[PDB]
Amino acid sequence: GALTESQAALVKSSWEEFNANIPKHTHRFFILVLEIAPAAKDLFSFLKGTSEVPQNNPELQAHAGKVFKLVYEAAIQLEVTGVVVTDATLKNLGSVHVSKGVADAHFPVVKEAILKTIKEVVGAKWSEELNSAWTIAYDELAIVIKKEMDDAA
């Protein structure tokens, strides 16, 4: 698909749609995560000692937001330039992931949780062309973070 002008127009549009609702889209995102893999709960400080996912914990929102931003930013950068650029941020990310005990078999957990989250986010507008555009952008970004964890470990 590549990322035509037409495809990127499609990712931007659908990211703007996600930020419009951060406490929802982020809490859904942690439930789609514990649905896919329950044990992950122990990993997150603010999830431990809890029994359910807190819905209004600022630490949790700030946390999940920052994840989706990072996937959008990557798509535009592929359309315009043709690649995903690796900066300071991307590498610190790879350290923290390893402290916290996180592995690669974890990544399809968080991808399916984010395609399912954006399918949920764009509803009927959804196209094959669009799913193909976010799929392309997540896979291209995770290829990069995995790459730095393996370096932070």
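Just count from 1 along the sequence shown to find any residue number. C-alpha atoms forming the largest set that superposes within 1.5 Å between two forms make up the rigid core.
* Greatest C-alpha divergence in 8 other deposited structures of this protein once each structure is fitted on the rigid core, 123-131 or 65-73 -> Between 65-73 and 123-131, greater C-alpha deviation in 8 other deposited structures of this protein belongs to 123-131.
* Look over 123-131 and 49-57 in the entry and identify the one with the greater average Cα temperature factor. => Stretch with the higher mean C-alpha B-factor: 49-57.
* Averaging the C-alpha B factors as listed in the entry, name the stretch that ends up higher: 11-19 or 136-144. => Stretch with the higher mean C-alpha B-factor: 11-19.
* Going by the deposited entry, which of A40, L32, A105, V67 has the highest CA temperature factor? -> Highest CA B-factor of the listed options: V67.
* Which third of the chain does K111 land in by C-alpha B-factor: lowest, middle or highest? -> Middle third by C-alpha B-factor.
* Relative to the other modelled residues in the chain, which third contains the C-alpha temperature factor of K91: lowest, middle or highest? -> Highest third.
* To do: Compare the C-alpha B factor of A62 with those of the other modelled residues in its chain, then answer lowest, middle or highest third.
  => According to the entry, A62 has a C-alpha B-factor in the chain's middle third.
* **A75 CA temperature factor, ranked by third within the chain** => Answer is lowest: the recorded C-alpha B-factor places it there.
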